[PDB]
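Residue numbers (my numbering), protein chains in the order written: chain P, 22 to 73; chain B, 1016 to 1063; chain Y, 16 to 64.
Cβ atoms here follow ideal geometry from the backbone N, Cα and C, with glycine treated the same way.
The structure under discussion appears below in the form of structure tokens.
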Amino acid sequence: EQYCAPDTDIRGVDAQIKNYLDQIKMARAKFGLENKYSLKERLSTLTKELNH
Amino acid sequence: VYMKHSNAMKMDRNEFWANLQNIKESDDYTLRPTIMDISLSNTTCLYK
Amino acid sequence: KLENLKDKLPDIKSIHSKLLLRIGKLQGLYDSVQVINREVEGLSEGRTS
């Protein structure tokens, strides 16, 4: 909504979008990188449990 | 989507349309052409 | 009224210019939606960051 505001300058709003898109990448990446990897460690623990 | 549910942008567009309409229907500007004339006379305007 | 119209050129000029600024911003916002969609596309197609 800031793009069509009266006193807003387009340059600043474009800069905000880049920062926002990068922040999106980082949060999703951190959660996904953990999910599988931590879960894979849990799966190795599960294979030990299956041996037990 | 980001316009069908906003309210600031709609208010701004309505303010602008009201301003233009007030310009139009004023006794100072009653000598204008219609909104769809083509003006075969002025060549460059016809091209544009 | 036909003889003196020079007093009315300024307001018309003003609305004409004001409308061009409004078109400017809307065309700008459309470029932004195309950039965000392109970044989402990249993200979706495989992994690469």
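Taking only the alpha-carbon atoms, compute the straight-line gap between residue i and residue j and give it to the nearest angstrom.
i                   : j                   : result
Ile-30 of chain Y   : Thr-1058 of chain B : 25 Å
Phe-52 of chain P   : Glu-62 of chain P   : 15 Å
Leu-34 of chain Y   : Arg-53 of chain Y   : 29 Å
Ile-1038 of chain B : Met-47 of chain P   : 51 Å
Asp-26 of chain Y   : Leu-41 of chain Y   : 23 Å
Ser-47 of chain Y   : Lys-28 of chain Y   : 29 Å
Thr-1049 of chain B : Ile-51 of chain Y   : 41 Å
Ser-32 of chain Y   : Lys-1063 of chain B : 18 Å
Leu-58 of chain Y   : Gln-1036 of chain B : 46 Å
For residue i, is the classification buried or exposed, using 16 other Cβ atoms within 10 angstroms of its Cβ as the cut-off for buried?
i                   : result
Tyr-1017 of chain B : exposed
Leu-44 of chain Y   : buried
Between the Cα of residue i and those of the options, spot the shortest distance and give me the residue it belongs to.
i                   : options                                : result
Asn-1022 of chain B : P:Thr-29, P:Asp-30, P:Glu-22           : P:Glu-22
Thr-29 of chain P   : Y:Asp-46, Y:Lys-16, Y:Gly-39, Y:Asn-19 : Y:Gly-39
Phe-1031 of chain B : P:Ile-38, P:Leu-42, P:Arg-32, P:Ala-26 : P:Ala-26
Taking 6 Å as the limit between beta carbons, can you name the residues of its chain near residue i, skipping five residues before and five after?
i                      : result
residue 115 of chain P : Because chain P in this structure spans residues 22 to 73, residue 115 of chain P falls outside the shown range and cannot be described.
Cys-1060 of chain B    : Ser-1054
Members of the stretch 22-54 of chain P that neighbour chain Y once the beta carbon cut-off is set at 7 Å:
Of all residues in the stretch 22-54 of chain P, only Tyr-24, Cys-25, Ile-31, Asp-35, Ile-38, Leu-42, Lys-46, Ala-50 come within less than 7 Å of chain Y when Cβ atoms are compared, listed by chain position.
Name the residues in the stretch 1043-1061 of chain B whose C-beta lies less than 7 Å from a C-beta of chain Y; which are they?
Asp-1043, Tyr-1044, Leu-1046
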